[PDB]
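Analysis of the macromolecular model
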Amino acid sequence: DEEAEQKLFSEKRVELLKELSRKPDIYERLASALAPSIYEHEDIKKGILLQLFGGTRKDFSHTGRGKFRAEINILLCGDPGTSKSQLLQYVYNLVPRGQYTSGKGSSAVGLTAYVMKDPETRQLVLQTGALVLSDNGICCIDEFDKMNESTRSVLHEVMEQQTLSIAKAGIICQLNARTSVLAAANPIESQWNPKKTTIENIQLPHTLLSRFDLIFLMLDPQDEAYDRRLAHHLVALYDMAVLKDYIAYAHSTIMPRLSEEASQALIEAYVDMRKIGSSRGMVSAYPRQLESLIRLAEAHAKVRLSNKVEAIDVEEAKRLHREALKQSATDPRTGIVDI
DNA sequence: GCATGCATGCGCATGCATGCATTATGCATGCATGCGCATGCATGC
């Protein structure tokens, strides 16, 4: 509501933020300022920040293609003994229009919309569910494995078309569900067994997996430095307004666009990804990953307060995509992660 | 003693306060049950 009005009278703050944006490390600083009480996992926080900024909402109605998903969906797969749940809680508590669902607790009709009748008046034909209330917001799904196929059928259309179609007795309608999904998942054995491959560990259909922009495979390296740092931080546990204003300004004042250099970099990244993901055992690549790269590049361009996407943004997006899946350490011909 | 006056007396009409006779039809509410819906339990393979 406030973004659609010219209430940025604070020219002092505008100048301060525009000067901050020109500093080189501000990106990392934002990743540092997103969560003070959270650990060394900077890549996860960077991904969440890029999710917050979001891609450009282009208009393609004249093309006839339909709506194009401009938002970011992220998945975190790992053992229960990690901090993904705390990240979901923080994102729920930080962003307005946030919703949180957990496992089998929700049903297919609980999402989207359901038929009702008023207890005070005669009728109220339809009532919105969890996903529609999350329109233009964030939905955090936990225990994604336990969800039945009936709800995943709904998620299939929600995650791509940004719309819902409901056809029941005397009720035919289309609704907008422009949400962004943060999903959490566990290994089938509740352990990341290294003998089994990544796909066998996750056990999800490839159609559902392909739509996630970023996948974070949380793994335990058992490094001594990690143990010391985490122990010291956790025992020692015993400007937000500036960040808010900067995020709002960037989110409401700049439209990213890219030149031919970014185009060719994206095409090269796509063919390289297809070459790498061809081998069985690892998660294969699909054309939607190209669009995911485009969205991440546009978000990174928004971070720098730039209307022009540079090759730096595309390279950073490629770096994040490569590092999230741990494809560097993973054995390309056996599908087993190594250290 | 007879002639006259006359206060008493009786029967049928109207006027006026009380009293007497008359009298089914239309609309609303709770019990029984169909029809659409979502959850949930049980049963295979």
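Data block above holds the structure.
One structure accompanies this document, and this report is about it. (Residues numbered from 1 in each chain as written, not as in the entry; some residues may be left out. Chains lettered and ligands numbered in written order. Part of a larger assembly, values for the part shown. Heavy atoms only, no water.)

**Remarks on the protein's contact with DNA strand B**
- Taken together, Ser107, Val109, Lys168 and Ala169 form the complete shell of residues around DNA strand B.
- Looking at DNA strand B alone, sugar and phosphate atoms form 100% of those within 4 Å of the protein.
- Within the side chain of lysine 168, one N or O atom sits 2.6 Å away from a phosphate oxygen of DNA strand B.
- Between DNA strand B and the protein, one listed contact pairs a phosphate oxygen with a backbone N or O atom of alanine 169 at 3.3 Å.
- The residue inventory of the surface near DNA strand B, partitioned by class, reads two nonpolar, one polar and one charged. (Near = heavy atom within 4 Å. Polar contact = N/O pair within 3.5 Å; in protein donor to acceptor, adjacent residues only side chain to side chain. Nonpolar A, V, L, I, M, F, W, Y, C, P; charged D, E, K, R; others polar.)

**Examining the packing of helix α11 (residues 260-277) against helix α13 (residues 311-324)**
- One way to put it is that α11 packs onto α13 with a least axis distance of 10 Å and a crossing angle of 20 degrees. As summarised for this structure, α11 and α13 are arranged roughly parallel, according to the angle between their axes. Handedness of the α11/α13 crossing: right-handed. Between α11 and α13, the residues in contact are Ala262, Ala265, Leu266, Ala269, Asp272 and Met273 and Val314, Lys318 and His321, respectively.
- Class assignment of the residues belonging to the contact of α11 with α13 gives a composition of six nonpolar, one polar and two charged. (Axes fitted to C-alpha atoms, helices over the stretch in contact; angles between N-to-C directions. Helix = DSSP H or I, 4+ residues; strand = E, 2+ residues; numbered from the N terminus. Parallel < 35°, antiparallel > 145°, perpendicular 65-115°, else oblique. Left-handed = near helix turned anticlockwise from the far one by under 90°. Contact = heavy atoms within 4.5 Å.)

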